[PDB]
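Peer 1: Can you look at this? It's an experimental structure, sequence on top.
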Amino acid sequence: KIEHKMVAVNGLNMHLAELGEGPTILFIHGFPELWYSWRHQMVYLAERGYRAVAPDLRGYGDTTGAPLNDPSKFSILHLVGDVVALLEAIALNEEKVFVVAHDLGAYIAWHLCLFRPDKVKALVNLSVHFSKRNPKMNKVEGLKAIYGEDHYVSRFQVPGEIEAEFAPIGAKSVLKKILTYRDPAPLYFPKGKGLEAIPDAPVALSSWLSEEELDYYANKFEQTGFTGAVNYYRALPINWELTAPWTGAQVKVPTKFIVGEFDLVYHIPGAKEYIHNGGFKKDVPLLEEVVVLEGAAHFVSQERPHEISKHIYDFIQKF
């Protein structure tokens, strides 16, 4: 079974979940997730001679030491810093390791590969495509322009506001709503209206999530709150300023990209065109073909654990 340790990483006490032995695979979770989201893949890959490592990121679960009052400490540079420190601590010998990441974890991973391609052998990213930096505006301003104030990324900007919205509702209901979400439209959180703006899917579609599995998540966020998680989104404006030096730069790491057909991120305007029609291959010259999972929504690691697990294995076996 899975071992859990606390490692000192970049001024954090970082919780790390470990299973297996062999070459290392670093798993980076998304929002609003935990090491626990990789559960199926850790097992599948450990049993096949890989060493699965999955941290809780800064601000999430059992990882501690990050000031919730200051979003700026959740900038993309801090995050990539954490990963690098982590790899020094636990990779040790291995010149290079395999990375698998989802959602914001994918965002972090892209930047890991931009900033330190010497550390990564090969990459599997889920949900979030490489996004070219828009010299005109940042993502928050861009998404707010298209979808309005109620767009979740906007509502998340001001500290306390979204936490206040969730307070009366409880972690469990909120997590259920999000994890179970299937619409390709983005989420909205209009002021005072709680979760009422989010449509429900047929209960049958979310059978992959179990009461037990949901409770794991609910119990963690009950104790930590959502501030650490949400601060990632808060740091997006600064992230734009800080990533200026990498205008025009390319990811030089062999990459596989997998996305669910109904993934809200896949349906950002221009995303499909960018992904399928060449732009994505231009920025990521070693992108081996894109995989779209038919009938899958955002949380593919958990919704389609076999398909995901197998794709990961078939790709890293090449190396």
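Peer 2: That came through, no problem. Residues are numbered from 1 along each chain as shown.

Peer 1: which phi and psi does the residue lying closest to residue 230 once chain neighbours are set aside have?
Peer 2: Counting by Cβ to Cβ, 6 or more residues apart in numbering, residue 230 lies nearest to residue 156, which is 5.1 Å off, once chain neighbours are set aside. C-beta: built from backbone N, CA, C; applies to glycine. Residue 156 adopts backbone torsions of phi -70, psi -20, taken as degrees, to the nearest 10.

Peer 1: isn't residue 156 right up against residue 235?
Peer 2: No: Residue 156 is beyond contact range of residue 235, at 10.6 Å (criterion: Cβ atoms under 8 Å).

Peer 1: Residue 41: which element?
Peer 2: If you go by DSSP states H and E, residue 41 is part of helix 39-46.

Peer 1: ok, residues contacting the helix or strand that that helix is followed by?
Peer 2: Later in the chain than helix 39-46, the nearest helix or strand by DSSP H and E is strand 51-55. Residues external to strand 51-55 that are found in contact with it (Cβ atoms under 8 Å, 6 or more residues apart in numbering): 9, 14-29, 35, 38, 41-43, 45-46, 63, 86, 90.

Peer 1: Please check those residues and keep the buried ones.
Peer 2: Neighbour counting by 16 or more other Cβ atoms under 10 Å classes 9, 14-20, 23-29, 35, 38, 41-43, 45-46, 63, 86, 90 among the contacts of strand 51-55 as buried.

Peer 1: Filter the residues you listed down to the ones in helices?
Peer 2: Secondary structure assignment by DSSP state H places 41, 42, 43, 45, 46, 86, 90 of those in helices.

Peer 1: show me the contacts for the residue nearest to residue 230.
Peer 2: 162, 230, 233, 234 are the contacts of residue 156 under Cβ under 8 Å, 6+ apart.

Peer 1: From residue 139, how far off is it?
Peer 2: Using Cβ to Cβ, to the nearest Å, residue 156 is found at 12 Å from residue 139.

Peer 1: before we move on, the earlier item: specify which member of the ones in helices among the buried ones among the contacts of strand 51-55 is nearest to residue 182.
Peer 2: The nearest member of those to residue 182, counting by Cβ to Cβ, is residue 41 at 21.3 Å.

Peer 1: Just give the number of residues close to the nearest residue to the closest one once chain neighbours are set aside.
Peer 2: Spatial nearest neighbour of residue 41, chain neighbours left out: residue 309 (5.0 Å); criterion: Cβ to Cβ, 6+ apart. Residue neighbour count, defined by other Cβ atoms under 10 Å, stands at 20 for residue 309.

Peer 1: Mind telling me what element residue 309 is part of?
Peer 2: helix 305-316.

Peer 1: same thing with residue 273?
Peer 2: Going by DSSP H and E, residue 273 is part of helix 271-276.

Peer 1: what's the answer for residue 7, then?
Peer 2: Applying DSSP H and E as the criterion places residue 7 in strand 3-9.

Peer 1: can you pull the contacts of residue 305?
Peer 2: Residue 305 touches 40, 41, 44, 208, counting by Cβ under 8 Å, 6+ apart.

Peer 1: Do I have it right that residue 199 meets residue 183?
Peer 2: Yes: counting by Cβ under 8 Å, residue 199 touches residue 183, with 5.3 Å between them.

Peer 1: higher neighbour count, those two?
Peer 2: Neighbours per residue (other Cβ under 10 Å) separate residue 199 from residue 183, with residue 183 holding more: 15 against 10.

Peer 1: for the more buried one, helix, strand, or coil?
Peer 2: At residue 183 the chain is in coil, as set by DSSP: H, G, I helix; E, B strand; the rest coil.

Peer 1: And for residue 1, the neighbour number?
Peer 2: Other residues close to residue 1 by other Cβ under 10 Å number 4.

Peer 1: what's the nearest residue to it if we skip its chain neighbours?
Peer 2: residue 19 (7.6 Å).

Peer 1: At which residues are the helices of the stretch 101-250 of the chain located?
Peer 2: Under the criterion DSSP state H, counting those that start in this stretch, the stretch 101-250 of the chain carries helices at the ranges 104-115, 139-147, 152-155, 161-166, 171-179, 211-224, 227-234, 236-242.

Peer 1: What helices and strands are in contact with the shortest one?
Peer 2: Counting contacts by 3 or more Cβ pairs under 8 Å, 6 or more residues apart in numbering; DSSP states H and E, helix 152-155 packs against helix 139-147, helix 161-166.

Peer 1: among the ones you listed, which is nearest residue 271?
Peer 2: Set against residue 271 and scored by Cβ to Cβ, the helices and strands packed on helix 152-155 come closest in helix 139-147, at 12.0 Å.

Peer 1: If you count neighbours, what's buried in the closest one?
Peer 2: Within helix 139-147, the residues that count as buried by 16+ other Cβ under 10 Å are 139, 140, 142, 143, 144, 147.

Peer 1: And for that helix, what's in contact with it?
Peer 2: 131, 134, 137, 151, 153-154, 157, 186, 188, 233, 236-237, 240, 268-269.
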